[PDB]
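Only one chain comes next, encoded as structure tokens, the form deposited in one PDB entry.
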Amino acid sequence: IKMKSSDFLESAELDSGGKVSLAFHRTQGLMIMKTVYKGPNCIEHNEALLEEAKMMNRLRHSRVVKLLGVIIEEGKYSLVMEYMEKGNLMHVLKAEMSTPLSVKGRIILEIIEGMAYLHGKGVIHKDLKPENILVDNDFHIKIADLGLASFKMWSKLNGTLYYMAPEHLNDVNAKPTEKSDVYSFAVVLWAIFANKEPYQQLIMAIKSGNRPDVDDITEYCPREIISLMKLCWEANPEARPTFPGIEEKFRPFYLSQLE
């Protein structure tokens, strides 16, 4: 679960929309490394910082990012994850060539898959956003936690409200649920077909019922997907469906009309 800088034959640092380093590991290959903090070795939380890593490494699914390990040496604490060549969802959505409707259709279903898996494993994201959806060179996605919203030990060691559920806006104490991530998914649905980010006075608008304008989407989007985002960004969390329920409607649809 823990690696050494020496296990990497070569490495390069790339800054993206951040401060990550790509390295070629001997046996496994290309991985992304990020130094969480720099300073003297800790004494209080080092034991459970290695256990957090073990818990995350055991979330294995095709649509979910796998934490490969941790590098702890001479006052450095760094997480190691797999490499997604094309960066994140918005980078791919703002590219010159338009992403085919078929590929956008497949991405949505893969976001559903990864989300249904994490929920089934008792994991609530609370930070689902295009910046957290990582795309490989084959246009397949993996859900990541780059804002350390689920890495509580690693968060202590060292933000978009456009995707945040209204129940969480001006109510930090409310517990994040499966319905919190469904709301974020609806805004992700919008950002996919609109190919851009949506939108104190904004927060009260979103709390009243204001949502990203469907009319702002220029390119072609099915009426059925429009209805799916509307339903998922519903004010009452109880009215919103679950990811296995989104999947049982989206999968036949994708297979009949988009694949």
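Whichever C-alpha set is largest while still superposing within 1.5 Å between the two forms counts as the rigid core. In case it trips you up, residue 1 is the first one in the sequence shown, and so on.
One more form of this protein should be noted, the form deposited in another entry, which is absent from this view; the next part is about it.
Colleague: Using a rigid core superposition, assess whether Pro40 undergoes a CA shift of 2 Å or more between the shown form and the other one.
Modeller: Moves: yes, 2 Å or greater.
Colleague: Would you tell me if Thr242 moves between the shown form and the other one by 2 Å or more at its C-alpha, with the rigid core held superposed?
Modeller: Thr242 C-alpha, core-superposed: shift of less than 2 Å.
Colleague: For a quick test of reading the superposition: does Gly29 move by 2 Å or more at the CA between the shown form and the other one, rigid core aligned?
Modeller: Comparing the forms between the shown form and the other one, which are aligned on their rigid core, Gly29 does shift its C-alpha by 2 Å or more.
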